Amino acid sequence: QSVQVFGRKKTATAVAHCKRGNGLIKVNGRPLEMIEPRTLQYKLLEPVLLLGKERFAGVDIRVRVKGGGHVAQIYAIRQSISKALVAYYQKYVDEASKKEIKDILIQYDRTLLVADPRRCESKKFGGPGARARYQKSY
Amino acid sequence: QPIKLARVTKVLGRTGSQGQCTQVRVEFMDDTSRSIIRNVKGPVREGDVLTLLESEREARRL
Amino acid sequence: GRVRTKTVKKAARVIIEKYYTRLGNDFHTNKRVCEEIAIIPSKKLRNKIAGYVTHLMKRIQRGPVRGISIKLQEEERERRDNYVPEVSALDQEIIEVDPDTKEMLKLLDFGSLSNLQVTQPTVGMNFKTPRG
Amino acid sequence: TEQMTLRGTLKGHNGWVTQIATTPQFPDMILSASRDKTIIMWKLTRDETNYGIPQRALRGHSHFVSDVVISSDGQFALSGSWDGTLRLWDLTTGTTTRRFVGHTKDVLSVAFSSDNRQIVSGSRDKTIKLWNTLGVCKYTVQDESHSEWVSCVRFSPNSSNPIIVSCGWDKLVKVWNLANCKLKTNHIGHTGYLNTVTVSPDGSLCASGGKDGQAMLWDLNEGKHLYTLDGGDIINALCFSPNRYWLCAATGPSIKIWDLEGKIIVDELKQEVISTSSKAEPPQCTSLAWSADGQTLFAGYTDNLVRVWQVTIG
Amino acid sequence: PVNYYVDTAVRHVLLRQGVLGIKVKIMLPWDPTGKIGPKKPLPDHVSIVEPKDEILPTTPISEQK
Amino acid sequence: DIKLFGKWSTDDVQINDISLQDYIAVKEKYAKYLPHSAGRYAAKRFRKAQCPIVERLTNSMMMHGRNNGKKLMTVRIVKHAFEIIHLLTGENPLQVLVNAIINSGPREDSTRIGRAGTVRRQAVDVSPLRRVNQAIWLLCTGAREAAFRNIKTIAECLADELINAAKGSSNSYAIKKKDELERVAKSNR
RNA sequence: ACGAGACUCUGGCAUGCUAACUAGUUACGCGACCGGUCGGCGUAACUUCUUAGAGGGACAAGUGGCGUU
């Protein structure tokens with residue numbers, strides 16, 4: 001089923017297909033325990049063990065990713081996982097524990113549900129960068 | 001060199017040649033009856049507590 | 001800077017002057033009514049005029065607004081000013097009157113009035129403020 | 001007169017509740033629409049611990065929801081949104097099966113036939129759109145129609161000949177029969193725009209309110225002022241109860257409930273934010289309703305909650 | 001609005017003393033439906049339509065057909 | 001559990017400054033498994049203190065036009081020396097970190113004060129935020145110069161400076177900077 | 001009254017809507033494991049996942065502390 005509601009950061013995005021499966025989370029043919037930077041795995045296991053590894057009781061989540069930058073994909077892959085968990089937990093099951101885990105991860109941080117609207121600004125001529133300008137000649 | 005407590009209750013204004021300091025009113029927690037003025041350097045929040053060497057210092061006053 | 005310019009303020013002033021009853025209590029009703037009866041080219045401007053309409057109406061609940069000349073405000077002012085007690089403040093049994101104004105009354109053919117009372121004159125003539 | 005005692009409070013929502021739905025076959029679960037673009041099914045506990053918890057929230061609107069209805073079962077619903085759309089939700093699966101668009105601007109209220117076969121939608125474009133449930137854009141009245149917005153349309157809940165009534169912002173109401181699409185009556189007498197008009201479930205007592213600040217009564221089949229009723233200014237909601245002669249009117253930042261025998265107030269309920277100074281305003285009420293059996297009062301407010309009041313006899 | 005409400009032409013004049021440069025800038029009034037000025041109104045200005053009168057009988061009355 | 005890097009316990013920290021835990025926080029709910037959350041606190045004011053101080057470190061030993069844009073390297077290099085202070089002092093690195101932040105944190109500084117004169121300086125009180133900023137700056141300056149051109153690698157020069165600043169030892173470059181600030185505060189009343 | 005503002009493209013939510021065969025993930029075997037995993041891709045194919053359209057949305061609108069209130 002496709003209850004995917006984006007989950008984004010910068011120009012990279014993730015779509016978290018969710019179904020009633022095995023409880024194994026897959027990221028485009030590779031497990032979330034093994035990602036190319038080899039450094040942000042804790043950033044990926046943060047949501048699940050923050051809310052509880054016991055929650056996944058036969059739910060197969062495959063996230064497909066596309067965009068620029070690896071770390072830019074992260075903070076959205078995990079956002080997509082949290083969105084898929086929210087959609088699953090809103091579709092049928094109760095809300096009291098949903099609100100409990102939501103409060104816990106909201107006090108944990110804010111980049112698990114709501115995307116960062118930030119983006120790279122254009123560069124203005126007459127300088128090397130958007131805000132930096134060349135040196136003054138005396 | 002005795003040290004006591006002081007916490008901000010009124011941000012009187014900004015002082016310094018180029019906005020260096022904040023002239024702020026601070027109360028001593030151990031006495032909760034005295035208000036003194038300090039040209040505290042740095043971003044100051046209304047209600048922060050800091051350990052100080054000085055308990056009687058005053059600066060330029062207007 | 002969130003200062004609202006003369007365009008927003010003046011358009012809201014004209015709207016509340018003109019369609020005071022047509023307004024609503026919620027901002028989202030206010031923008032809809034404003035867009036109904038005003039040629040406002042863009043969404044942002046009609047939003048800004050609607051928002052100042054909400055703020056002006058909030059100011060209405062406590063008093064008049066200087067630039068507005070609605071008839072209902074005059075009716076409200078004239079109803080508020082229509083207050084009267086059962087006893088006039090000038091209706092009192094004893095009126096303290098100095099001897100000099102008593103002589104003024106007596107030369108005015110009103111020295112026979114028994115409603116007044118003798119208040120003694122001041123001890124001295126120390127009424128000027130000190131000089132310099 | 002019955003005391004309206006404190007059952008508790010409901011919280012856990014972030015939007016003004018505008019339309020509150022009660023189904024006269026499920027006194028345990030009811031629907032309520034809130035203008036944070038959502039419509040939510042409650043769970044009713046009816047104990048001192050807590051009033052209840054939301055059950056299922058359905059969202060399909062780009063803008064806020066104005067009015068909602070339920071067709072004949074807690075598995076169906078029809079919801080009108082501020083974007084000018086109508087959506088038929090199938091609450092057996094929590095999805096929308098049909099969409100209805102014949103308007104160019106906002107829709108204030110939607111009506112539905114007591115036989116669940118006619119859809120009536122009142123918009124801001126001075127046009128009332130009447131569809132059949134088959135999906136045919138069947139009719140609108142455009143000859144000397146309402147000259148302003150259509151604030152609300154309500155239908156007779158009694159099994160009888162269908163009879164529509166529509167309140168406009170031109171300080172007038174129009175009662176029509178859709179069998180012949182011929183004007184039946186046009187009423188004036190308020191001193192302001194109307195917001196809600198509801199019909200008692202026999203076509204006898206018609207209630208009107210809004211910026212006039214006074215509830216005004218007509219007969220669906222006679223056409224005359226039934227009585228002059230005095231009440232709080234600005235009626236944000238008014239309606240009868242389809243079990244008893246009580247009329248509940250949401251007037252000002254509070255609500256009144258009256259009888260028609262002698263026109264006296266049984267319980268004046270004010271929800272107040274108390275400030276030590278002149279600092280705020282009371283949370284104003286938006287909608288009033290009774291339960292499925294009509295013994296508990298639900299009030300949808302702008303403080304992001306639906307308040308519940310219980311009958312205890314006091 | 002200088003894109004449409006203002007129309008501009010630059011030109012040169014070649015006399016026996018030299019060259020004279022002119023610019024002519026003509027503003028177009030508001031003429032919707034008629035093609036003399038731009039169809040769209042000036043974006044920064046607001047106009048409030050005249051009020052619609054009231055008829056408020058103190059005694060409610062009905063209008064049967 | 002919310003232990004740092006999943007291996008350093010976070011339910012053991014004691015700032016012991018009466019009321020300063022709002023301006024130096026590693027227990028706060030913003031403290032996460034990793035010190036990497038991308039820059040979002042620098043935009044507004046008094047939000048910088050809501051940062052998990054691990055992030056402020058991994059970005060403060062992150063400077064000098066050769067490191068900017070290499071934050072994953074900073075997170076690896078803080079994992080390094082976190083697991084090294086885990087063994088050098090045999091205690092949780094957060095305890096020595098709060099000790100360093102509570103001692104190295106300056107109180108008195110000297111600044112030019114006056115509208116019409118330029119002769120001398122006046123003593124001023126450095127607020128907690130600026131004090132932690134300049135203390136971490138001195139720590140990072142020492143850690144850069146302690147491994148600059150030197151055979152000593154990172155995570156040990158930083159480690160040495162951290163340990164000999166956390167106990168109050170004046171042998172630290174940061175603590176000697178603190179002493180210099182205090183003495184120039186003495187000499188410009 | 002000109003300028004500023006307003007304007008316009010927009011960065012940023014379209015889960016709502018017109019809608020792709022130069023776009024794209026899931027109903028049966030194609031080379032492997034008692035049910036899971038492929039950008040040579042499985043018959044079947046829905047707008048969520050990229051483009052580009054209309055409407056909506058954010059207003060110091062809500063609360064608190066200051067302010068010639």
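Scope of the values below: all heavy atoms of this structure, side chains included, with no hydrogens, waters or symmetry mates. Chain A is the first sequence line, chain B the second, and so forth, proteins listed ahead of strands; every chain is numbered from 1.
For C/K31, the NZ atom sits in a packed shell: over 12 heavy atoms of surrounding residues, nucleotides or ligands are nearer than 6.0 Å. Heavy-atom neighbours of A/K124 NZ from other residues, nucleotides or ligands within 6.0 Å: above the threshold of 12.
To the nearest angstrom, P of G/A61 lies 15 Å from CZ of D/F64. Summarising the geometry, the separation between CZ on D/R99 and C1' on G/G55 is reported as 12 Å, rounded to the nearest angstrom. Atom NE2 of D/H63 and atom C1' of G/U15 are 16 Å apart (whole Å). Nucleotide G/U8 holds its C1' atom 14 Å from the CG atom of E/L42, rounded to whole Å. Between C/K44 atom NZ and G/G5 atom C1' there is a gap of 14 Å when expressed in whole angstrom units. Regarding A/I61, its CD1 atom lies at a distance of 16 Å from the P atom of G/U26, rounded to whole Å.
Distances shorter than 4.0 Å separate some side-chain N or O of C/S42 from OP1 or OP2 on G/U8. One finds a side-chain N or O of A/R8 lying less than 4.0 angstrom from the OP1 or OP2 phosphate oxygen of G/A14. Here D/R98 does not reach the OP1 or OP2 of G/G16: none of its side-chain N or O atoms lies under 4.0 Å away. For G/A4, neither phosphate oxygen OP1 nor OP2 lies less than 4.0 angstrom from any side-chain nitrogen or oxygen of C/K6. Side-chain N/O atoms of A/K26 include none lying less than 4.0 angstrom from OP1 or OP2 on G/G36. Using a 4.0 Å cut-off, some side-chain N or O of C/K31 falls inside it from OP1 or OP2 of G/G57. An OP1 or OP2 oxygen of G/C66 is reached within less than 4.0 angstrom by no side-chain nitrogen or oxygen of B/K10. The phosphate of G/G57 has OP1 or OP2 within less than 4.0 Å of a side-chain N or O from C/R32. The shortest distance between the side-chain N/O atoms of D/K105 and the OP1/OP2 oxygens of G/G56 is not below 4.0 Å. One finds no side-chain N or O of D/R59 lying less than 4.0 angstrom from the OP1 or OP2 phosphate oxygen of G/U15. The phosphate of G/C59 has neither OP1 nor OP2 within less than 4.0 Å of any side-chain N or O from C/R46. In this model, the phosphate group of G/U37 is approached by a side-chain N or O of A/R62 to a distance below 4.0 Å at OP1 or OP2.
Taking the side chain of C/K48 as heavy atoms from C-beta on, and the options G/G55, G/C59, G/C49, the nearest nucleotide is G/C59. Closest contact between the side chain of A/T13 and the listed nucleotides G/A4, G/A61, G/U50 involves G/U50. Distance from the side chain of C/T5 is smallest for G/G5 among the nucleotides G/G5, G/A60, G/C49. Which of G/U48, G/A61, G/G12 sits closest to the side chain of A/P117 comes down to G/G12.
Glycosidic torsion of G/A23 falls outside 90° of 0, placing the base in anti. In this structure, G/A27 shows a glycosidic angle within 90 degrees of zero, which is the syn conformation.
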Stepwise salt bridge (charged side-chain N to carboxylate O under 4.0 Å, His left out) check, D/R124 with D/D106: CA-CA 6 Å; D/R124 287 200 206 244; D/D106 167 274; 3.4 Å; yes

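Nucleotides G/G42 and G/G31, compared at atom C1', are 14 Å apart to the nearest Å. Comparing G/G29 with G/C41, their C1' atoms are spaced 14 Å from each other, to the whole Å. Separating the P atom of G/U25 from that of G/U50 is a span of 12 Å, rounded to the nearest Å. Comparing the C1' positions of G/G11 and G/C38 gives a spacing of 37 Å, expressed to the nearest Å. Here, G/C49 and G/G64 have their P atoms 40 Å apart, quoted to the whole Å. Comparing G/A44 with G/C30, their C1' atoms are spaced 15 Å from each other, to the whole Å. Between G/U18 and G/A54, the two P atoms lie 16 Å apart (nearest whole Å). If you take atom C1' in G/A58 and the same atom in G/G24, they sit 33 Å apart, rounded to whole Å.
Counting any heavy atom pair closer than 4.0 Å across all strands shown, C/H28 reaches sugar-phosphate atoms only and no base atom. C/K43 comes within contact range of at least one nucleobase, with a heavy-atom separation under 4.0 Å. Residue A/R119 is in sugar-phosphate contact alone, with no base atom involved, counting any heavy-atom pair closer than 4.0 Å across all strands shown. Using a 4.0 Å heavy-atom criterion, one finds that A/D116 contacts no nucleic acid atom at all. C/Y52 comes within contact range of no nucleotide atom at all, as no heavy-atom separation falls under 4.0 Å. In this structure, C/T54 reaches the sugar-phosphate backbone alone: every heavy-atom distance under 4.0 Å involves primed, P, OP1 or OP2 atoms, never a base. Residue-level contact check: A/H17 touches the bases, meaning some heavy atom is under 4.0 Å from a base atom. Across all strands shown, D/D83 has no heavy atoms under 4.0 Å from either base or sugar-phosphate atoms.
Pair check for G/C46 finds G/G24; Watson-Crick or G-U wobble, both atom distances under 3.5 Å. G/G3 is unpaired under the criterion used here, namely a Watson-Crick or G-U wobble arrangement in which both key atom distances are under 3.5 Å.
Between the side chains of D/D90 and D/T97, no donor-acceptor pair of N or O atoms lies under 3.5 Å. At a cut-off of 3.5 Å, with distance as the only test, no side-chain donor of A/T111 or A/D109 sits close to an acceptor on the other residue.
Applying the 3.5 Å cutoff to both bonds, G/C13 and G/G56 register as a Watson-Crick or G-U wobble pair.
Relative orientation of the C/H28 and D/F64 rings is perpendicular, given thresholds of 30° and 60° on the angle between their planes.
Sequence order on RNA chain G of the closest nucleotides to D/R87 and C/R2 puts D/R87 first from the 5' end. When each of D/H61 and C/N47 is assigned the nucleotide of RNA chain G bearing its nearest heavy atom, the one mapping closer to the 5' terminus is D/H61.
Sugar conformation, G/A19: south. The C1'-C2'-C3'-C4' torsion carries a negative sign.
In this structure, the ring of D/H103 has its center no less than 6.0 angstrom from the ring center of D/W149.
Interatomic distance, OG of A/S82 versus NZ of A/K102, reported as 7.5 Å (0.5 Å rounding). Distance NZ/D/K105 to CH2/D/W82: 12.5 Å, rounded to 0.5 Å.
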